[PDB]
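*Asks:* Got a structure for you, written out below as C-alpha cells; questions coming shortly.
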C-alpha cells in the first residue's frame with residue numbers, strides 16, 4: 705500500500721514506475737506482428753530439468769544491450 | 283450474461299480456492315483460451331470486461347481467487363499458434379540457468395484496474411489478500 | 111554462379127535446408143573467399159555461421175552443420191573454422207564446442223573435436239565469469255569444465271579419452 709500510494713503522489717514517477725519491462729519482444733502475434741509487451745525479468749535455475757523449450761526468445765543468452773531473436777518462432 | 287460475465291469470468295466466480303476446484307478451473311481456463319485462439323485469433327478474450335469493468339484477471343484479484351490468479355500470471359502455453367496467449371516466457375536458457383519473463387499487461391499500476399492496485403486496495407471482506415501478493419510476479 | 115551474401119547463409123543454416131546451401135562451395139572457390147572472413151562473421155559478436163548452426167538446432171539433429179564442415183575442409187581452413195569464437199566482450203572465447211556441450215548433444219561434441227576443435231578454449235566472457243549481481247553462468251571457462259558442471263558424464267569422459275585431442279584435466 706505504501707508503494708502504490710507513493711506512485712499516486714507523482715504522475716512523473718508513474719512513467720518511472722514502469723518496473724523494468726523494457727518493452728521487450730516476446731515472440732510474434734497472429735498476423736505475424738511484433739508482440740512488444742512490458743515484461744518483468746526473473747532469473748531462475750534448475751539442476752534436474754534442463755529446459756529444452758519450444759519457445760525461447762533470444763538465442764544468445766544474457767542481457768548486454770545486444771539482442772538476437774530465435775528462428776524457432778513460426779512467424 | 284446479464285451480469286456481463288463471459289465464459290472466462292464465470293470460471294473465476296466459480297472457483298473457490300480449494301485444491302480440487304483450482305485444478306480443473308485453471309485447466310478449463312486454458313482450453314477455452316486455446317479454443318479462443320483457434321476459432322478466431324483476432325479477439326483477445328481477456329480484454330473483455332463485465333458490467334463492473336473487470337477483466338478476468340482483475341476479477342480474480344477483486345475476489346479472493348488466488349488459484350486462478352496464480353495461474354494467469356504464470357501462464358505458459360507450449361502450443362504454437364497459442365504461444366502469444368502465454369503470460370510467462372523464457373528469453374534464454376543456458377544450461378541450468380534460464381531467465382523468465384512475466385508479462386505486465388494489465389498489472390503494474392499504469393492501467394485502471396491493475397491487479398496490483400486491486401489487491402492492495404481491497405475492502406478486507408475479500409479472502410486471501412495477504413496471500414495474493416505471494417504469487418511469483420507480484421512479490422518480485 | 112549463384113551470388114551469396116552473409117544474410118542468406120545465416121538464414122539457410124538456421125532453417126535446416128541443405129538444398130539451399132549447395133552452390134556455396136562453387137561460389138567460395140570462385141570468389142577466393144573463406145568462411146572465416148570478416149564479411150561472413152557478424153560484426154557485433156564474432157559469430158561465424160558454424161556458431162549460428164549450433165544455436166539453432168532442430169530436434170537436437172542439425173543436418174546443415176556437416177555440409178559446411180565439408181566446405182571448410184575443401185577450402186583448407188577447417189582449423190580456423192571450428193576454432194573461431196565470439197569476439198565480443200560478453201561472449202569472449204565461446205567456440206562451437208561450448209555450444210555442443212551445452213546443448214546435450216553427444217554426436218555434435220564428437221563431430222567437432224574430430225575436425226580440430228580446441229578443447230582448451232577459454233570462454234572468458236562477461237557472461238561466463240562471476241559478475242557478482244549480473245545474470246550469468248560460471249562453469250570454469252573450459253570445455254571439460256562445462257561437461258562436468260552441467261552433469262554430462264559421457265561427454266566429460268569423451269573429452270579426456272578421445273584420440274584426436276585429449277583434454278588437460280589440470281587446466282585452469
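Residue numbers (the entry's author numbering), protein chains in the order written: chain A, 705 to 779; chain B, 283 to 422; chain C, 111 to 282.
Backbone N, C-alpha and C define an ideal beta-carbon position, used for all residues, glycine too.
Would the stretch 756-766 of chain A and the stretch 395-405 of chain B be scored as touching if the rule is three or more Cβ pairs under 8 Å?
*Replies:* With a cut-off of 8 Å, the stretch 395-405 of chain B and the stretch 756-766 of chain A do not count as touching, because too few Cβ pairs lie within range.
*Asks:* Quick check on residue 132 of chain C - is its C-beta less than 7 Å from some C-beta in chain B?
*Replies:* Judged by the 7 Å Cβ criterion, residue 132 of chain C is not in contact with chain B.
*Asks:* Shortest alpha-carbon distance to residue 347 of chain B belongs to which of B/392, B/288 and B/303?
*Replies:* When only C-alpha atoms are compared, the closest one is B/303.
*Asks:* Give a yes or no on contact between the stretch 188-196 of chain C and the stretch 217-231 of chain C, applying the rule of three or more CB pairs nearer than 8 Å.
*Replies:* Touching, yes.
*Asks:* Can you check DSSP and say which residues form a bridge with residue 385 of chain B?
*Replies:* Answer is A/743.
*Asks:* Give, in chain order, every residue of the stretch 731-759 of chain A whose Cβ lies closer than 8 Å to some Cβ of chain C.
*Replies:* The stretch 731-759 of chain A vs chain C, Cβ under 8 Å: 747, 751, 754 and 756.
*Asks:* Taking residue 737 of chain A as part of the beta strand (DSSP E), name the residues at either end of that continuous run.
*Replies:* From DSSP, residue 737 of chain A is part of no beta strand (DSSP E); its letter is neither H nor E.
*Asks:* Pick from C/198, C/166 and C/174: whose alpha carbon is nearest that of residue 777 of chain A?
*Replies:* Per the Cα distances, C/166.
*Asks:* Under 7 Å between the Cβ atoms of residue 344 of chain B and residue 400 of chain B?
*Replies:* Going by C-beta atoms, residue 344 of chain B is nearer than 7 Å to residue 400 of chain B.
*Asks:* Applying the 10 Å Cβ sphere with the 16-neighbour rule, what's the burial state of residue 296 of chain B?
*Replies:* Counting Cβ neighbours within 10 Å, residue 296 of chain B comes out exposed, since fewer than 16 surround it.
*Asks:* Assign residue 382 of chain B to one of two classes, buried (16 or more other C-beta atoms within 10 Å of its C-beta) or exposed (fewer than that).
*Replies:* Buried, because 16 or more other Cβ atoms sit within 10 Å of the Cβ of residue 382 of chain B.
*Asks:* Skipping 5 residues on each side, what residues in its chain have a beta carbon closer than 7 Å to that of residue 723 of chain A?
*Replies:* Once the five neighbours on either side are set aside, the close Cβ partners of residue 723 of chain A are 744.
*Asks:* Within 7 Å (strictly less), CB to CB, does residue 763 of chain A reach chain C?
*Replies:* Cβ-Cβ to chain C under 7 Å: yes for residue 763 of chain A.
*Asks:* Is the Cβ-Cβ distance between residue 294 of chain B and residue 350 of chain B less than 7 Å?
*Replies:* Yes, the pair counts as a contact, with Cβ atoms nearer than the cut-off.
*Asks:* On the criterion of 16 or more Cβ atoms from any shown chain inside 10 Å, does residue 388 of chain B qualify as buried, or is it exposed?
*Replies:* Buried: at least 16 other Cβ atoms inside 10 Å.
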